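Please note: Cβ atoms are built from the backbone with ideal geometry, for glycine as well, and neighbour counts cover all protein chains shown. Readers should treat all values here as calculations from the given coordinates under stated rules, not as data from a laboratory.
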Amino acid sequence: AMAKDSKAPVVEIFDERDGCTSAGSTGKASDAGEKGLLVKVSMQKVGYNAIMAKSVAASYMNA
Amino acid sequence: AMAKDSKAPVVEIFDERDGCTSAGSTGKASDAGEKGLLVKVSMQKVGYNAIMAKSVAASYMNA
Amino acid sequence: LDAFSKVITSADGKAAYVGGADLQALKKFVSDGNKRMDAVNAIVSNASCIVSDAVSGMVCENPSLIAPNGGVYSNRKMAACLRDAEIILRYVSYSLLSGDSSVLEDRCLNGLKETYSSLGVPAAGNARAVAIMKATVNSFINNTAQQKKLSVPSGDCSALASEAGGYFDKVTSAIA
Amino acid sequence: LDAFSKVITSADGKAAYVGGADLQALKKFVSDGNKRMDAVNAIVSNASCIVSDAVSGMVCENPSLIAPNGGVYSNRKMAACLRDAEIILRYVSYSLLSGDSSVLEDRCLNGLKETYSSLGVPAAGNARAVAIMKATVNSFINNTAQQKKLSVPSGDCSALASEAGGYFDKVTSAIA
Ligand SMILES: */C=C\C1=C(C)C(=O)N/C1=C\c1[nH]c(/C=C2\N=C(C[C@H]3NC(=O)C(C(*)=C)=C3C)C(C)=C2CCC(=O)O)c(CCC(=O)O)c1C
Ligand SMILES: */C=C\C1=C(C)C(=O)N/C1=C\c1[nH]c(/C=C2\N=C(C[C@H]3NC(=O)C(C(*)=C)=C3C)C(C)=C2CCC(=O)O)c(CCC(=O)O)c1C
Ligand SMILES: *[C@@H](C)[C@H]1/C(=C/c2[nH]c(/C=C3N=C(/C=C4\NC(=O)C(CC)=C4C)C(C)=C\3CCC(=O)O)c(CCC(=O)O)c2C)NC(=O)[C@@H]1C
Ligand SMILES: *[C@@H](C)[C@H]1/C(=C/c2[nH]c(/C=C3N=C(/C=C4\NC(=O)C(CC)=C4C)C(C)=C\3CCC(=O)O)c(CCC(=O)O)c2C)NC(=O)[C@@H]1C
Ligand SMILES: *[C@@H](C)[C@H]1/C(=C/c2[nH]c(/C=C3N=C(/C=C4\NC(=O)C(CC)=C4C)C(C)=C\3CCC(=O)O)c(CCC(=O)O)c2C)NC(=O)[C@@H]1C
Ligand SMILES: *[C@@H](C)[C@H]1/C(=C/c2[nH]c(/C=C3N=C(/C=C4\NC(=O)C(CC)=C4C)C(C)=C\3CCC(=O)O)c(CCC(=O)O)c2C)NC(=O)[C@@H]1C
Ligand SMILES: *[C@H](C)[C@H]1/C(=C/c2[nH]c(/C=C3N=C(/C=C4\NC(=O)C(CC)=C4C)C(C)=C\3CCC(=O)O)c(CCC(=O)O)c2C)NC(=O)[C@@H]1C
Ligand SMILES: *[C@H](C)[C@H]1/C(=C/c2[nH]c(/C=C3N=C(/C=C4\NC(=O)C(CC)=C4C)C(C)=C\3CCC(=O)O)c(CCC(=O)O)c2C)NC(=O)[C@@H]1C
């Protein structure tokens with residue numbers, strides 16, 4: 001049956017072939033033959049967004 | 001002198017007078033005489049945004 | 001795809017990091033390996049734009065949804081809808097990453113119609129939000145949106161775009 | 001303002017929470033107390049829109065800045081600039097919250113011209129981005145932006161808007 005925990009797979013694509021790197025750029029996995037490239041997937045709770053909720057309410061009529 | 005740590009004061013305004021609350025809605029401070037209202041300030045490091053950076057590069061010519 | 005199934009079954013926030021030989025096998029095991037990565041990026045890197053625009057279009061085409069007793073009346077209900085929209089979007093985006101909809105159907109769609117029906121979440125507004133997201137994701141995969149662009153090598157991604165519309169269609173079928 | 005001073009000097013991520021009598025006193029000692037909260041919200045709730053649009057405007061008005069070796073050529077420099085825009089933007093927003101520019105000048109502006117000069121950050125482009133943010137923040141405080149709106153009791157916020165432009169003027173003067 002469907003889950004009820006508001007969790008969804010959060011996919012993050014990383015293309016760092018231009019050379020700019022940070023602490024998260026290494027050690028997470030091997031890069032053999034795919035330098036600067038990575039797919040990250042995790043299950044995370046999608047929270048409520050008061051700011052966006054209020055913004056749509058006030059702004060939905062402007063395309 | 002200015003710091004060099006890329007940290008800036010992050011102000012968050014909270015207006016929850018419509019009643020909708022979450023775990024952070026209580027215990028952070030007293031609310032006496034200002035129900036649903038709070039100003040949060042902290043010093044956070046402003047990180048790099050690869051996605052926005054790439055987005056600006058590809059999209060700056062579209063207002 | 002055992003690495004993804006691991007972190008999706010556990011649902012504890014644990015990340016799977018796919019690079020190197022793993023990533024190379026992945027792009028060979030799905031179709032259009034490299035383009036598929038750019039298509040997935042088209043979606044997730046615009047997640048907030050996609051969600052905000054669809055729910056806004058749903059409401060602007062039917063402002064009753066935000067009238068008292070409406071489907072998105074009050075920040076609480078509007079916030080829950082934006083959350084559902086992103087949940088649906090990210091399950092669609094994982095389907096395009098993995099090349100099948102099994103997680104989308106099982107973990108997101110199985111019993112979603114009854115869930116919405118018992119709560120009275122209007123099916124017409126829901127289908128419309130899905131439709132706007134679908135249209136939006138179609139322009140981004142093709143890099144044909146009017147404002148925000150994506151820089152990728154030139155070529156055709158129409159097959160991946162169709163696969164993406166199919167996953168949106170399964171959402172649409174599922175919520176009737 | 002001892003609570004703010006503490007967390008700003010410590011700069012360790014410890015948040016200060018102002019509610020109730022503390023918040024009542026805070027709004028009491030600055031001008032237009034409640035409207036000031038709405039003006040600060042107008043800024044920070046749009047921090048990415050303001051920053052994205054200004055740096056985008058700086059480049060589109062002078063694309064030499066994104067030509068090879070330009071000030072924002074390559075993602076690292078473009079990211080550094082967007083971050084600077086948000087840094088400056090948020091120091092402006094703390095000034096409008098607190099009613100003075102001392103933290104902005106002391107912790108953000110003091111010596112920023114010499115830093116930019118030694119790094120080759122073009123002063124004209126910087127002033128232009130600051131200029132666009134100033135205009136953009138001005139529309140949001142007045143709730144006159146074209147697309148994103150804020151719902152607040154009707155009234156006049158020109159004084160807070162002018163005070164906000166004043167803090168931006170201090171940035172411009174410091175960046176020469
Ligand atoms: C984050 C938003 C977008 C940026 C940035 C961008 O460049 N494109 C964006 C969005 C986008 N929207 C659509 C299609 C639709 N959006 C709709 C909502 C909009 N229309 C309205 O009438 C109102 C209320 C006044 C709105 C908020 C609607 C209804 C659609 C049409 C959907 C459909 O075809 O059924 C697209 C796809 C079309 C395009 O490429 O422009 C994008 C990319
Ligand atoms: C996140 C953006 C905005 C939303 C959403 C919204 O409703 N308003 C938004 C932004 C906004 N921008 C401005 C003013 C300017 N923006 C500029 C950049 C833009 N113009 C260009 O030519 C290019 C490059 C092609 C751009 C990316 C510029 C140049 C300005 C004018 C600044 C000035 O006066 O010198 C405002 C304020 C004006 C308004 O109310 O529309 C807002 C609110
Ligand atoms: C209901 C689901 C709506 C919603 C609520 C929501 N609020 C937050 C976060 C915060 N709310 C406050 C407000 C207060 N805390 C207090 O102690 C007081 C009394 C003095 C108030 C008014 C604060 C400070 C936060 C931030 C918490 C923090 O800094 O750690 C969230 C985020 C998650 C959380 O529970 O913290 C949410 C979801 N959001 C919506 O979209 C609905 C409209
Ligand atoms: C340079 C400053 C640019 C930039 C970089 C940047 N990257 C991240 C985050 C991540 N990068 C990766 C990429 C990899 N990790 C690996 O092990 C490999 C090799 C196989 C790659 C290609 C990952 C996985 C992350 C996320 C880390 C995580 O999930 O914990 C950041 C964010 C901060 C961080 O270091 O994690 C940044 C800033 N961003 C820019 O704007 C520059 C263009
Ligand atoms: C449709 C989505 C659009 C499009 C895509 C397109 N991409 C390529 C080529 C490549 N794309 C990548 C991207 C990645 N591979 C990865 O592993 C990751 C990280 C997870 C990314 C971001 C790569 C590596 C290539 C190969 C070339 C290179 O080395 O850079 C093409 C070219 C054809 C092909 O199959 O290679 C195309 C067409 N192009 C469009 O015009 C659409 C808007
Ligand atoms: C200019 C910015 C725009 C504007 C503002 C405006 N606001 C009010 C009134 C109030 N605003 C608040 C908001 C808060 N107080 C807080 O402590 C917090 C949390 C930190 C918030 C969000 C409050 C409480 C009021 C008072 C009224 C009420 O109880 O709701 C006014 C009315 C005049 C006044 O000074 O009170 C105005 C004019 N209005 C616009 O039209 C501008 C776009
Ligand atoms: C937005 C376009 C529409 C809308 C949404 C809306 N949904 C709810 C409530 C729920 N949504 C779900 C959906 C999921 N939960 C999950 O865990 C998953 C899979 C991971 C999904 C798909 C569920 C379970 C609920 C009920 C429980 C909950 O609220 O969290 C609401 C709130 C309904 C209410 O009146 O209480 C809303 C508003 N509403 C619309 O009008 C749009 C068509
Ligand atoms: C963007 C509109 C413009 C731009 C910005 C840009 N800035 C840098 C580098 C730095 N920026 C700062 C600024 C601060 N650091 C802080 O901690 C604070 C607040 C306390 C501020 C205001 C500093 C110290 C640096 C140097 C060290 C660092 O990078 O963090 C860059 C990178 C420059 C380079 O070429 O290496 C850029 C690109 N660039 C433009 O072209 C715009 C005009």
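Results for (1) surrounded by fewer than 21 Cβ atoms within 10 Å (Cβ to Cβ); (2) of a type in the set (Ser, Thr, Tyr); (3) touching a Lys or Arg at 6+ places or on another chain (Cβ under 8 Å), shown as yes or no for each residue.
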| site | (1), (2), (3) |
| --- | --- |
| C:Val18 | no, no, yes |
| C:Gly33 | yes, no, yes |
| C:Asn62 | yes, no, yes |
| C:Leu65 | no, no, no |
| C:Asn75 | no, no, yes |
| C:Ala80 | yes, no, no |
| C:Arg90 | no, no, no |
| C:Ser93 | no, yes, no |
| C:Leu97 | no, no, yes |
Review point. Can B:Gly47 be described as under 19 Å from the mean Cα position of the chain (by Cα), of a type in the set (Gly, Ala, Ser), closer than 30 Å to C:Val152 by Cβ and away from ligand 1 (no atom under 16 Å from the Cβ)?
Key: yes
Practice item. Quick one: in the range D:161-172, of everything that is buried (at least 20 other Cβ atoms within 10 Å of the Cβ) and under 26 Å from D:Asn62 (Cβ atoms), which residue is farthest from the other protein chains (Cβ to nearest Cβ)? Key: D:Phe168
Point to revise | Criterion (closer than 30 Å to D:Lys28 by Cα and within 14 Å of ligand 6 (Cβ to nearest atom)) met by exactly one of D:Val44, D:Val92 | key: D:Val44
Check your understanding: Which condition number in (1) at the interface with chain B (Cβ under 8 Å from one of its Cβ atoms); (2) touching a helix residue (DSSP H, G or I) at 6+ places or on another chain (Cβ under 9 Å); (3) of a type outside the set (D, E, K, R) is the one that D:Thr115 fails?
Key -> (2)
Exercise for review: Taking the options C:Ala161, C:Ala145, C:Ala129, C:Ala176, name whichever one is under 12 Å from the mean Cα position of the chain (by Cα), among the hydrophobic types (A, V, I, L, M, F, W, C) and away from ligand 6 (no atom under 16 Å from the Cβ).
Suggested key: C:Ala129
Check your understanding: Can we say D:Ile43 is assigned to a helix (DSSP H, G or I), under 25 Å from B:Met2 (Cβ atoms) and away from ligand 4 (no atom under 16 Å from the Cβ)?
Key -> yes
Revision key, fill the gap. Within the range D:124-160, residues within 9 Å of ligand 2 (Cβ to nearest atom), crowded, with 16+ Cβ neighbours inside 10 Å and in a loop (DSSP other than H, G, I, E, B) come out as D:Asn142, D:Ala145, D:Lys148, D:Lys149
Exercise for review: Exactly one condition in (1) within 14 Å of ligand 3 (Cβ to nearest atom); (2) touching a residue at least 60 places away in the same chain (Cβ under 8 Å); (3) in contact with a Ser or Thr (Cβ under 8 Å, 6 or more places away or on another chain) is not met by D:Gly13; state its number.
Suggested key: (2)
Check your understanding: How do the pairs read when you match residues in the range D:159-175 that are touching a residue at least 12 places away in the same chain (Cβ under 8 Å) and closer than 13 Å to D:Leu96 by Cα with residues anywhere that are surrounded by fewer than 16 Cβ atoms within 10 Å (Cβ to Cβ) and of a type in the set (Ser, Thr, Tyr), using Cβ under 9 Å and keeping only pairs 6 or more apart or on different chains?
Key -> D:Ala159/D:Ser31; D:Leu160/D:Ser31; D:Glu163/D:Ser31
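Looking only at the range B:35-56, how many residues end up being buried (at least 19 other Cβ atoms within 10 Å of the Cβ) and facing chain D (nearest Cβ under 7 Å)?
Here is the first cut: in the range B:35-56, the residues buried (at least 19 other Cβ atoms within 10 Å of the Cβ) are B:37-39, B:41-43, B:46, B:49-50, B:52-56.
Okay, now just the ones that are also facing chain D (nearest Cβ under 7 Å), so B:37-39, B:41-43, B:46, B:49-50, B:52-54, B:56.
Number of matching residues: 13.
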Check your understanding: Pairs, please: C-beta under 7 Å, at least 6 apart or cross-chain, first residue closer than 14 Å to C:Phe168 by Cα and in the range C:84-107, second of a type in the set (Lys, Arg)?
Key -> C:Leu96/C:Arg36; C:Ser101/C:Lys170; C:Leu104/C:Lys170; C:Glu105/C:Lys170
Revision key, fill the gap. Pairing a residue in the range C:48-60 that is surrounded by fewer than 19 Cβ atoms within 10 Å (Cβ to Cβ) with any residue that is in a helix (DSSP H, G or I) and among the aliphatic types (A, V, I, L, M), where Cβ atoms lie under 8 Å and the two sit 6 or more apart in sequence or on different chains, gives C:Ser48/A:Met52
**Study point:** Top-ranked residue in the range B:17-34 [being more than 7 Å from every other protein chain (Cβ to nearest Cβ), out of contact with any strand residue (DSSP E or B) (no Cβ under 8 Å at 6 or more places or on another chain) and of a type outside the set (S, T, N, Q); ranked as surrounded by the fewest Cβ atoms within 10 Å (Cβ to Cβ)]
**Key:** B:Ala23
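Condition test on D:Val92, is it among the hydrophobic types (A, V, I, L, M, F, W, C), away from ligand 8 (no atom under 11 Å from the Cβ) and assigned to a helix (DSSP H, G or I)? Spell out how you get there, then give the answer.
Details: among the hydrophobic types (A, V, I, L, M, F, W, C): yes; away from ligand 8 (no atom under 11 Å from the Cβ): yes; assigned to a helix (DSSP H, G or I): yes.
So D:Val92 passes the test.
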Review point. Over 19 Å from C:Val152 (Cβ atoms) and under 15 Å from the mean Cα position of the chain (by Cα): does that describe C:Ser10?
Key: no
Practice item. Determine which member of the set D:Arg128, D:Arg83 is more than 11 Å from chain B (Cβ to nearest Cβ), of a type in the set (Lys, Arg) and farther than 30 Å from D:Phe29 by Cβ. Key: D:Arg128
Study note, to complete from the structure: Going through (1) of a type outside the set (A, V, I, L, M, F, W, C); (2) more than 15 Å from ligand 7 (Cβ to nearest atom); (3) more than 22 Å from C:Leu96 (Cα to Cα); (4) surrounded by 19 or more Cβ atoms within 10 Å (Cβ to Cβ) one by one, A:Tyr60 fails only at (2)
Exercise for review: Residues being more than 8 Å from chain A (Cβ to nearest Cβ) and either under 12 Å from the mean Cα position of the chain (by Cα) or assigned to a helix (DSSP H, G or I) (or both): count how many of those fall in the range C:64-75.
Suggested key: 3
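Would you pick out the residues in the range A:1-16 that are aliphatic (A, V, I, L, M) and surrounded by 14 or more Cβ atoms within 10 Å (Cβ to Cβ)? Explain how you work it out, then say what you get.
Within the range A:1-16, the subset aliphatic (A, V, I, L, M) is A:1-3, A:8, A:10-11, A:13.
Matches in the range A:1-16: A:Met2, A:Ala3, A:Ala8, A:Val10, A:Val11, A:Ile13.
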